[PDB]
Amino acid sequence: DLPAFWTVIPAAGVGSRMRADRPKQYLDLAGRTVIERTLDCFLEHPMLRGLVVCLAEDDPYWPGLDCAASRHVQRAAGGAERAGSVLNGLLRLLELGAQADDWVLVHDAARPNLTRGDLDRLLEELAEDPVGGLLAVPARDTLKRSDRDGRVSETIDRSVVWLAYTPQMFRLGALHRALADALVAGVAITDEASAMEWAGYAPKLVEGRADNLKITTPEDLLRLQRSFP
């Protein structure tokens, strides 16, 4: 019995001006934009209560997509940083009838290769967790720590090192307090787990697939061109 969950897709930071170097979320991935394929990983799930995309109010690419005329996709105003945009998504969820104890999933707009297995695996393993968790994969490259002189001080034991992926799964109320307080404190928030970690909580690690990659360079598109359907 998988739990019910809301979904927040932070996708702001896009300028008002179309550019030849398009935002990675609007690149073409086998006939569709990256963010459209990212939304498909969630929109069809029976336990989905509602999905909210965080966007700049002057985003020139979004009104061209068919998901902009979709009742299954809600929109929230972007913030100054990613954490602020996630915060506005949490406020938008509260307007749609979300409760403080509802599960919320935050997922990168440029991670379109999220499989149904990883999603349900994350949902079934955290459904009874006291704080939540996130998808992650073990580090497979040799890690080396540097001293101040640029020389190797040690080879890090990567058997305990995991790469942080998305989605990340936390309770709406707790994440709301953690994100808002950490922004007031001046914390260098990266993901939602870092805000929960600063607040004292230890998120659970849920192993996911390694090909759930984030599109950071247009060369990373080439890895996923054969991944659909």
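All residue numbers are counted from 1 along the displayed sequence.
Comparing 4 to 12 with 220 to 228, the stretch with the higher mean C-alpha B-factor in the PDB entry is 220 to 228. Taking the PDB entry at face value, the top CA B factor among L175, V53, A188, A202 belongs to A188.
Sort the chain's modelled residues by C-alpha temperature factor and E192 lands in the lowest third, per the entry. When the CA B factors of the chain's modelled residues are split into thirds, the value for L119 lands in the lowest one. Remark: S146 belongs to the highest third of its chain, ranked by C-alpha B-factor as recorded. Per the PDB record, residue ranking by Cα B-factor puts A139 in the highest third of the chain. Residue-level temperature factors show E128 in the highest third of its chain, judged at the C-alpha atom.
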